[PDB]
Amino acid sequence: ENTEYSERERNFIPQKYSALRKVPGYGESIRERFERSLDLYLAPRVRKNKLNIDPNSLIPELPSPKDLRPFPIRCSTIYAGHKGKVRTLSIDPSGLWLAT
Amino acid sequence: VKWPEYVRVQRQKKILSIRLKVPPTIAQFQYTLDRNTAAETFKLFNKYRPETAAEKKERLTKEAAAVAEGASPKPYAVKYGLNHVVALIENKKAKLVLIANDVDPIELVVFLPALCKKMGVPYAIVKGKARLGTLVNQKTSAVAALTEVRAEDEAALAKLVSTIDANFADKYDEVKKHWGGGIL
Amino acid sequence: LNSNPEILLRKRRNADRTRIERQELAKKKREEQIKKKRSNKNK
Amino acid sequence: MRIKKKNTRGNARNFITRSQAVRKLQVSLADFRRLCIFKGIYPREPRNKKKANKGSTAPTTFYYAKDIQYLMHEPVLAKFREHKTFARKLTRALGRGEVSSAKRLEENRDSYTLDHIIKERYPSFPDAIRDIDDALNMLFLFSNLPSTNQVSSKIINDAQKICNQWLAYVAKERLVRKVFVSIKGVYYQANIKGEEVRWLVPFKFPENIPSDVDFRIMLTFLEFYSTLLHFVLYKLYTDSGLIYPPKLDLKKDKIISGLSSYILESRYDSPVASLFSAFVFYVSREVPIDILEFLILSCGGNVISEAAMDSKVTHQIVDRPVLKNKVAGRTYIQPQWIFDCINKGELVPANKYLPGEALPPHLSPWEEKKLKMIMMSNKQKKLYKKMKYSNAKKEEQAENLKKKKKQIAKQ
RNA sequence: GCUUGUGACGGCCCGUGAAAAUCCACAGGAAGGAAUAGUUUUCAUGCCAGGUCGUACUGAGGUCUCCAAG
RNA sequence: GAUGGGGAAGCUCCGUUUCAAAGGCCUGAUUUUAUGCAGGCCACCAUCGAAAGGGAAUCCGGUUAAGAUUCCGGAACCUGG
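Residue numbers (the authors' numbering), protein chains in the order written: chain m, 355 to 454; chain G, 50 to 119, 125 to 238; chain t, 12 to 54; chain n, 1 to 267, 352 to 394, 405 to 460, 550 to 594.
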């Protein structure tokens, strides 16, 4: 009831009734046909293409990462010594002396 | 604001109708019969609508469809042409002559109130040639007369004469005098 | 991409704006009619 | 060639604004919309909205140029002009004081007919029956309306007459397949020349008319659907069935004014049309009759009401917590059984439908993938994320139904 | 150097230096714009089309005009 | 130099925005005594008059007895959709 009309999924509250005699006369019935009538001659009609497909056929066919080893997974060496943020790095061509 | 040519002309003619001093044979009009007496004149005059072209056609085909296969009094109606009304006054057959105040050439109906006062015909200058037109199947009529009458309406007509004599002719005895239109 | 051709009504705009507007207009003409009734009884 | 002006060619002569359509026709907006309702003309959406305008981004509705350009020469427009002439020439007669000539103007009055307007709209009969879906929804609503100063009694009586003609035919040639009783009303489905029409009938209670709704738009829709239904019903009756229009018994219309009245003279394929044959139902006072006796007579049963009083009877339909008589001869049912027998077609057992117990739920007849996201373009990432959200908003609602079913089943 | 094009200056006037078609720009803030293609194409690439009439030659006291080797 | 006006017995002359109703666009749930159209925006004036004035965009090579920025080959550009 807080949501504005016409941007609403149901035009009604769903209700339970034990007896068929206990079914009320639905008050907002003239409103529904009137709004449909207005929807016929005032609402613009467009030819659309509804993309009836699975989401799975949008991911490109790419090889699974397991057949493209090796690649790094987890961390091993944590360098704790700084009081300031490590902005830059550099490695020697030989492969031991890591500068920060 | 800027108005059209004809609009300016009829507005200028309206103010010209007021602001000029006018001869007393005119402005003997516009000193006209009031609302109650006008409504009461027409409550009688509406009972004598001349039989409209459709009504006359259907009735005279009813005469043909009946009388050709297998007494009436003369019917009374209002009398409505200027040639015929000024004929009827001077006959003298007119008991109530109704005169329009608004006529296209004013010069047409200027003799008529005073000729009615001359002949002794009880006249009333009523307001609107359109309003006279309505009771007579015409757009406009300028004049409407009531010669003869049914006896049911006779006493009402005689009283309509006496009411118009008292209301119109007695209140407007000063109107034969006095040049109208001296409004500042 | 296996798309189904169909027709689509776009949502008629200002539907809620005019709805509330007509809701108000109807009530206003009711009240004005009532005011006419009273003022005619003063005649 | 000389350099052509820009915004006068492609989408500028393909479409026109509402204002430009109204002006071109030299017709009032109301009458423009009246013709638009009759002809079945609607605004259309261009690929460029601003090229369809003369450059402007503006709130504008575009009609098809050749559609309006085709509306211009039409008998209905000319007859609207004739109604306008008649209107002033009547008030001339009335306003003066002459009544006889005005009464004569009524006699010498012809009106516009919506005959040729359907031939150009629905050229084939199966196409008209594809529209009758929306046509029967207005008409059955307008039957269940109190007459106001907006809508005359003659309008509602003629609409109800067509409704009763429709109900009589569908119950005559036995063309029902599905029923669905909702809060809104009662839905039906009908193989009318084998194309399955659907239509809604409200419950027979007084309907609160809002002052919000416009009973001038709805009256023209009624005016088009009404004539459309007259021609449909003539075609149906004169093809496979009966004389049109059928008569109505006066002392039958005095009793019911529904469907057991209005007798119709002449001069199966589906299991639903073969059901209830050699069954006689005694409909009680408590149930609505006109929504139920249609279904009994459609399938092949027979109706005797409590209402008609104000034998062969094998079933009674009663909606009371305490039932009084209880004979051995009859079988006692709450109408839900009928509303399930039509849907299935297989004659559901009446053990779950006794008077005094709760009815059945009454169903309608209607990791690596997150890693392979990367190699998609933006024109594919936007679409894939949208399809993921659309499936998510469905599945979570399905989870809501499951969680609510579990929370209720405990109680 | 001659021909011609262009740039910055400086004089000469209270003489202050044609018009319109056409094209662009600014101020303005109306309106519009999303979850099985949101709104916007003054960005890039791609498609189609462009009617009528004149058009040859001469043009040298005796109409106008352009190009101009040593 | 028409039109509006005004002359002139007239052939026609005066006059060029003049005391012309000179028109072309937008807004709307369809306009509340029930389906007859309401409200707003703008205020000068047809047209002709330049092959030397303003103006979108084409060059090179080739080709005939006689045609070329027009034809051919190549390579371009502009305008509108």
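Idealized CB from N, CA, C, for every residue including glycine.
Any C-beta of chain n under 8 angstroms from that of residue i
i	result
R28 of chain t	no
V400 of chain m	yes
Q44 of chain t	no
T188 of chain G	yes
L422 of chain m	no
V440 of chain m	no
residue 122 of chain G	The model contains no atoms for residue 122 of chain G, which sits in the stretch where chain G goes from 119 to 125 directly.
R364 of chain m	no
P414 of chain m	yes
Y380 of chain m	yes
Proximity test, Cβ basis, 8 angstroms: residue i and chain t
i	result
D133 of chain n	no
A397 of chain m	yes
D67 of chain n	no
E578 of chain n	no
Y371 of chain m	no
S573 of chain n	no
Residue nearest to residue i in terms of C-alpha spacing, selected from the options
i	options	result
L457 of chain n	n:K553, n:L554, n:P449, n:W431	n:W431
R177 of chain n	n:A362, n:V364, n:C383	n:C383
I380 of chain n	n:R414, n:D434, n:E265, n:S266	n:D434
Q165 of chain n	n:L259, n:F215, n:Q20, n:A357	n:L259
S147 of chain n	n:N583, n:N157, n:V170, n:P355	n:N157
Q192 of chain G	n:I591, n:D253, n:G97, n:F224	n:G97
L200 of chain n	m:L422, m:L394, m:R387	m:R387
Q428 of chain n	n:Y447, n:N437, n:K161, n:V416	n:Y447
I209 of chain n	t:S50, t:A37, t:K52, t:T29	t:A37
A141 of chain G	G:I160, G:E161, G:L166, G:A113	G:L166
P123 of chain n	n:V232, n:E265, n:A392	n:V232
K133 of chain G	G:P127, G:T90, G:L152, G:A117	G:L152
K254 of chain n	n:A391, n:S405, n:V387	n:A391
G10 of chain n	n:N144, n:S261, n:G55	n:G55
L236 of chain n	n:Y262, n:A168, n:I263	n:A168
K438 of chain n	n:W460, n:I155, n:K103	n:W460
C36 of chain n	n:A581, n:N108, n:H409, n:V22	n:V22
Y366 of chain n	n:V213, n:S389, n:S573	n:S389
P378 of chain m	n:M570, n:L554, n:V99, n:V181	n:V181
Residues sharing a beta bridge with residue i, DSSP
i	result
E17 of chain t	m:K402
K178 of chain n	n:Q189
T110 of chain G	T110 of chain G is not bridged to any residue.
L77 of chain n	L77 of chain n pairs with nothing; no bridge assigned.
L200 of chain n	n:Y187
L238 of chain G	DSSP output for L238 of chain G lists no bridge partner at all.
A199 of chain G	G:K133, G:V151
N386 of chain n	n:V364
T357 of chain m	According to DSSP, which records beta bridges pairwise, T357 of chain m is partnered with nothing at all.
Closer than 8 angstroms to chain m by CB, residue i
i	result
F231 of chain n	no
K22 of chain t	yes
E17 of chain t	yes
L36 of chain t	no
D253 of chain n	no
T113 of chain n	no
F360 of chain n	no
Short CB-CB distance (under 8 angstroms) between residue i and chain G
i	result
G97 of chain n	yes
Give, in chain order, every unbroken run of the alpha helix (DSSP H) that is at least 4 residues long and sits entirely within the segment 378-435 of chain m.
-> 384-395
Could you tell me whether the segment 135-155 of chain n touches the segment 414-434 of chain n, using the rule of 3 or more Cβ pairs below 8 angstroms?
-> no
Are the segment 180-196 of chain n and the segment 75-83 of chain n in contact at 8 angstroms, needing three or more beta carbon pairs?
-> no
If you pair each beta-carbon of the segment 104-118 of chain n with each one of the segment 63-77 of chain n, do three or more pairs fall below 8 angstroms?
-> yes
Contact between the segment 91-109 of chain G and the segment 193-207 of chain G: three or more CB pairs below 8 angstroms?
-> yes
Is there contact here, the segment 240-250 of chain n with the segment 356-364 of chain n, by at least three beta-carbon pairs under 8 angstroms?
-> no
Check whether the segment 34-42 of chain n touches the segment 84-95 of chain n, taking contact to mean three or more Cβ pairs, one atom from each stretch, closer than 8 angstroms.
-> no
Three or more beta-carbon pairs under 8 angstroms between the segment 54-66 of chain n and the segment 6-20 of chain n, yes or no?
-> yes
At 3 residues or longer, and completely inside the segment 110-135 of chain n: list those beta strand (DSSP E) runs for me, N to C.
-> none
Would you list, in sequence order, the uninterrupted alpha helix (DSSP H) runs of no fewer than 4 residues that lie entirely inside the segment 204-251 of chain n?
-> 217-240
Do the segment 57-72 of chain G and the segment 183-202 of chain G meet, that is, are 3 or more Cβ pairs less than 8 angstroms apart?
-> no
Specify whether the segment 182-189 of chain n and the segment 116-130 of chain n touch according to this definition: at least 3 beta carbon pairs, one from each stretch, less than 8 angstroms apart.
-> no
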